[PDB]
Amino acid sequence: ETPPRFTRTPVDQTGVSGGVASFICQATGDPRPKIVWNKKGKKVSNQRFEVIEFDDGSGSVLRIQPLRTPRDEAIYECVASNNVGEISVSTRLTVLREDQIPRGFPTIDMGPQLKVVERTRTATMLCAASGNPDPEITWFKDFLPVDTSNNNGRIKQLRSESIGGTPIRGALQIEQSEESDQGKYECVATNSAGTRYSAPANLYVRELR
């Protein structure tokens, strides 16, 4: 038996009213730790707050949609626990009004679109975003973050080499498509000013001819 230890801690977010915010928390231990989301010590409970579990059981995502200001603006915490031990990590949510949005906040110039790929062929979701500073593009599938961490993986992330003037191009490339890849993908643009979500796009996988 080992106590819970974090493999992924949530980071502070600055979102925009009516939009989405996702907090990620993953831990490991023996037995498998449970994860709970709190605000001021109290487990969150709210129609607009959804906790989505990883298939691994490695953790959960706290998703707030649509964002409301100033109610949602607060300090939240992830708490991981089993009978051997307990660990927690805090995180801040900030929500701005669109009228309040600064020059240099990420915008989605174009977001992913409905795509139908047959099984085992490559499917690509495209995202174009801009901002100052230049935004990082990340991906979420069915409310969980797409992991492109490992190179030589089935799923890879492409990034525009970037001349100054145009939006940044980002893509999610899924080789050897399978039925489990089917789902609702959304692109996410982030910089030091904040975070913005594209609209959702479904990927369908039809049978190989």
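We number the residues from 1 along the sequence you see.
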{"query": "Stretch exceeding the other in mean C-alpha B-factor - 21 to 29, 7 to 15", "finding": "21 to 29"}
{"query": "Selected stretch [higher average CA B-factor]: 134 to 142 or 90 to 98", "finding": "90 to 98"}
{"query": "Candidate residues 148, 60, 182, 65, the one whose C-alpha B factor the record puts highest", "finding": "148"}
{"query": "36, 158, 168, 52, ranked by C-alpha B-factor: the highest one", "finding": "158"}
{"query": "Relative C-alpha B-factor of residue 114, binned into the chain's lowest, middle or highest third", "finding": "middle"}
{"query": "Relative C-alpha B-factor of residue 107, binned into the chain's lowest, middle or highest third", "finding": "middle"}
{"query": "Record-listed C-alpha B factor of residue 82: chain third", "finding": "middle"}
{"query": "Third of the chain's Cα B-factor distribution that residue 163 belongs to, per the entry", "finding": "highest"}
